[PDB]
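2 protein chains.
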Amino acid sequence: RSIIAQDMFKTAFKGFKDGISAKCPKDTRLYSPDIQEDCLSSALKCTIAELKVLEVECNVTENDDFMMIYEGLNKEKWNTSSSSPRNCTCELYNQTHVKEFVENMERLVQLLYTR
Amino acid sequence: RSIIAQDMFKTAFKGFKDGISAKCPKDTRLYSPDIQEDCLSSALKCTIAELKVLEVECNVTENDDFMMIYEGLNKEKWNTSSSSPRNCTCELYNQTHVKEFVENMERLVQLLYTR
């Protein structure tokens, strides 16, 4: 596991998670992927699309943490492999508020480094 | 291959190798370990050790780039292993000017991310 990258994601997820809520409409709801073994690659494509959604509806400019999280998600090469990979649709995930969206985003990124 | 960490090195190396020379005495010299297959581990410890000799020779006691470089090396877990490993001696390497030192250093980190 690349400790250098997990450490930047740690700093970036702490600074980004703290300012949000108050930076977004309470009415903002985002699709929040889980860590089901056979859909991690879907789960990552959906986390990325909805970060974009979080962009256009939130006062997140120009967050150093946000564009670190975002560009990190698109360039890092994760092990998204399993016995039986499947496709999952973004809109079939739960919506939730911003605080739990990145929280779940963190948990997913950690899982990916764990393997 | 951890593209997030490699890009943080790349930028930190470019934003340092290009500023340096100007930031050190023209007569500064450093021992520059190379990438012999069986001396990777040594080569790492001497690189870190001459970073310190460069920390008092020049400014760089601060510097976002220098700290990221230095901290990356002591905390990232490397595959420095071989079938016939050997203990190299830092002062048995070639001494070089500060800019070439960081170039070789960039070459040693690229190699260890390739394996």
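Residue numbers (the entry's author numbering), protein chains in the order written: chain B, 5 to 119; chain D, 5 to 119. Cβ atoms here follow ideal geometry from the backbone N, Cα and C, with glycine treated the same way.
For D38(D), the closest of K81(D), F13(D), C28(D) and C50(D) by C-alpha to C-alpha distance is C50(D). Here the region 80–89 of chain B does not lie against the region 14–23 of chain B, with fewer than 3 beta-carbon pairs under 8 Å apart.
As a beta-bridge residue in DSSP terms, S36(B) pairs with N98(B). DSSP places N78(B) in the helix class (H, G or I) of the three-state scheme. Close CB contacts of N108(D) within its chain, under the 8 Å cut and outside five residues either way in sequence, are with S36, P37, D38 and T100 (chain order). Under the three-state reduction of DSSP, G23(D) is assigned to coil, being neither helix nor strand.
Taking a 10 Å sphere around the C-beta of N67(B), we find 16 or more other C-beta atoms and assign the residue as buried.
Contact of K79(B) with chain D is assigned, a C-beta pair being separated by under 8 Å.
Taking all protein chains shown into account, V60(D) has fewer than 16 neighbouring C-beta atoms within 10 Å of its C-beta and is therefore exposed.
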